[PDB]
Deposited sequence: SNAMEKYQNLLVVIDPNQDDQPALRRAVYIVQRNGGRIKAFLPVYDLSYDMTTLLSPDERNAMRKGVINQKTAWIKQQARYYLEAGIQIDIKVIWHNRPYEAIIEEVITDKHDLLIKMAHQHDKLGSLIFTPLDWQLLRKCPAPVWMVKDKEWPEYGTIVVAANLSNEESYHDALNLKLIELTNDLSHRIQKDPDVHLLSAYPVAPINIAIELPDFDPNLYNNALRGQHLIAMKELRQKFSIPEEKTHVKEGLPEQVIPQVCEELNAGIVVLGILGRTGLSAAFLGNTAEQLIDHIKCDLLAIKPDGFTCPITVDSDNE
C-alpha cells in the first residue's frame, strides 16, 4: 500500500476541480484517501482598528463555514460513491506555506493541483511556482484538459551533469514512475528521455589541437551509456528510450508532444550551488514550456525551506 495519502489543493476560483477528479481516479484504482485542502483569509482580519477581535472572528468563521460547504458540494458525487474525502479549510494568509506545512505534518504521498492550459503550454501561477520549488513531496500539476488517449508517460533523466546525486535522482524518478503508473493503469506506456546541448564554438583560438565536435560526440556517448544502464535496470525497451540533441528546455517539451505524452516526470533540486544553479534555471524554463501534465520530484534528503 503506497501513495494512499493524497493531498488535493483546491482551486478557489472555479467550481469544477480537476485536481480532485484526478485524485479520485487514482483512489478508485489504488485505494486510499484524499484531503481536499484550501487555505482561506479575508481582508477584514487585518483591519484591526476598524473591527474588534470578535467581529473579525465572526467573519473568519463565516468564510470557513461557506468554503467548507462549497467544497462538499463539488465533492458530493464522489462522497456518495464512497470515496474518502476529508475536507480541510484553514485560516492562513500565505497559501504556499499553509500547503507545504500540511504536506510535512501529515506526510502526504503526493500533492495534486490543477493548472490551466488555454501557447498550448501550462499556465503556472506564483503559488504553483512556490510549490514546485519548495514542496518536499512529489507535485503533480494536472492540466485542465482531457488526458490524451493512449497517452505516454515520459521520464526526463539528467544524463549530462557529472555529480553523483543526479544518478540517484534519476533512479528515484523511474522507480516511482514504474510503481505509481502500474497501480493506476493496466498497461502503462513508459518512455525515457534525455537531451544534451552542443558546444557553442567551432574552434578554440588558444587550443590548436582541440576539436569541439569531439566534445559533442562524447556527451552523446555518455548519454547513450547511461541510458542503456537505466533501461536495463527498469526493464524499458530500447525503442522507448530517446537521447536527443538540443537545449533541454526546448527539446523535452517538443519530444513529449511528439510522443503523445500524458505526463512528463522530472527531477528538481533544492540545492543551488555549482552545477545546480544552471540546472535549476534550465528546469524552470523547461517546466514553463510544458504542454502536458507535470510530475516534479525532489531528491531524498531535500531540505525544505519551511
Where does the model skip over parts of the deposited sequence? 1-4, 123-124, 313-319
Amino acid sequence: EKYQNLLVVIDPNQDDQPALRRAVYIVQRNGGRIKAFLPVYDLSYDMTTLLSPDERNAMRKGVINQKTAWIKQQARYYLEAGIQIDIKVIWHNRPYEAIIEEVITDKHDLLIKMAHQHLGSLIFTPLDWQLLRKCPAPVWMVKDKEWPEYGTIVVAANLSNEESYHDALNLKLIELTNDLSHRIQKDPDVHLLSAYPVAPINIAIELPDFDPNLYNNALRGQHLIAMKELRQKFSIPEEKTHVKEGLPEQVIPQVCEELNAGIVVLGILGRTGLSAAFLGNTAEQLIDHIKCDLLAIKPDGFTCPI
From here on, numbers count along this sequence of modelled residues.
For the C-alpha atoms alone, is the average B factor greater in 236-244 or in 50-58, going by the entry? 236-244
Mean Cα B-factor comparison, 88-96 or 146-154, giving the higher one as deposited: 146-154
Please work out which residue in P212, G221, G120, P138 has the highest C-alpha B-factor recorded for this crystal structure. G120
Based on what the PDB entry reports, which of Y165, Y196, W129, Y77 has the top C-alpha B-factor? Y77
For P39, the third of its chain into which the C-alpha B factor falls: lowest
Within this chain, which third does the Cα B-factor at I203 fall in: lowest, middle or highest? lowest
Ranked C-alpha temperature factor of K186 among modelled chain residues, by third: highest
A81: which third of its chain by C-alpha temperature factor? highest
Divide the modelled residues of the chain into thirds by Cα B-factor and specify which third, lowest, middle or highest, holds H108. highest
